[PDB]
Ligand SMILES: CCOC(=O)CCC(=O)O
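Here we start with a single chain on its own, the form deposited without the named molecule, put down as structure tokens.
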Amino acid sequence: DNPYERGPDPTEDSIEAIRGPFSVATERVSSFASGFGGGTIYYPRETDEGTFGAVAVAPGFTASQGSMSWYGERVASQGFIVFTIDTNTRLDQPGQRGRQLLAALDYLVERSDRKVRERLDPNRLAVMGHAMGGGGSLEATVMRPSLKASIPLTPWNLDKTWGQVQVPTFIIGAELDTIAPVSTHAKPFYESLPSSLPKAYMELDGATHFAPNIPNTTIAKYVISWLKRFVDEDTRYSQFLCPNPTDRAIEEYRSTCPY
């Protein structure tokens, strides 16, 4: 038995659901957060199944210097601690965003409120981010190879070579993205990741750069499946990842399936 399995067996509808099986509480972080600005921690309330892995999330833009994000409730309710951090769109760069993602994770492990800390398995951590924060997801995995998963969303990075990445990486591209075009960012990153790495690339049909900023069931279901498979080692979710998804919303999918 896998000690990290959480929640009932997944179904095609459960992975698409807006709210998963866990109820979610939040903790706002504004002080003692210099390495990442600030953020909101979303966590499962139920403790009877054991502790949870965590994902730090760096969005591309949040209005009015906010930190809440639709990923928080949608992912945390599937059994994860989700820490959505502040953004500075006009200044964020990938290496810095990678540092901030890791600072957010280290905050969770070392300084988070006891209600979060007691629910956290500090050994099972992941990163995800949008745009320069997606470039930062890649950067973070090189800085901290012990991470369990990385999800660069419409990632932007001048550095196209990621052959040193050791962390299972799922890149989501937006087909019509003109800010981080998939032909020169997402796909070159994906193809330079090692052939031996569990990896995937999902291109959203007709989508623009800002698609990850709005609730999107295709993003959510495969983000959830990736985090389950790699943060929780939960092979009940392999069935949704391999063979490659064929959803109508997907223009193209590439992977190193089977994992």
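Only residues modelled in both forms are compared. When you see a residue number, it is the position in the sequence shown, counting from 1. In this text, rigid core is short for the largest set of C-alphas that superpose within 1.5 Å between two forms.
Although it is not shown, the form deposited with the named molecule bound is what the next lines describe.
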So, the named molecule superimposed from where it sits in the bound PDB entry: by the 2.4 Å backbone or C-beta clash rule, 3 or more atoms, this site is open
Of 221-229, 192-200, 39-47, 55-63, the segment with heavy atoms within 4.5 Å of the named molecule in the bound PDB entry is residues 55-63
Only hit among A126, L101, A131, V82 for heavy atom within 4.5 Å of the named molecule in the bound PDB entry is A131
Checking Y107, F170, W156, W162 against the named molecule in the bound PDB entry, the residue with a non-hydrogen atom inside 4.5 angstroms turns out to be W156
Item to complete: Indicate whether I179 is a 4.5 Å heavy atom neighbour of the named molecule in the bound PDB entry.
Response: yes
Near the named molecule in the bound PDB entry, with a heavy atom at 4.5 Å or closer, the residues from 193-231 are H209, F210
Mover between the shown form and the other one (rigid core aligned, C-alpha >= 2 Å shift), picked from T62, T218, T51, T40, is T62
Core-aligned, does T89 move its Cα 2 Å or more between the shown form and the other one?
-> yes
- Query: Taking the rigid core as reference, does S31 move its C-alpha 2 Å or further between the shown form and the other one?
  - Reply: yes
Checking the C-alpha spacing of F32 and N213, a student should find that in the bound PDB entry it changes by 3 angstroms or more, with the atoms closer
Against the displayed form, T89 vs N213 by Cα, in the bound PDB entry, with 3 angstroms or more change: pair is farther
Stretches of at least 3 common residues between the shown form and the other one with C-alpha displacement of 2 Å or more post rigid core fit fall at 31-36, 60-68, 88-92
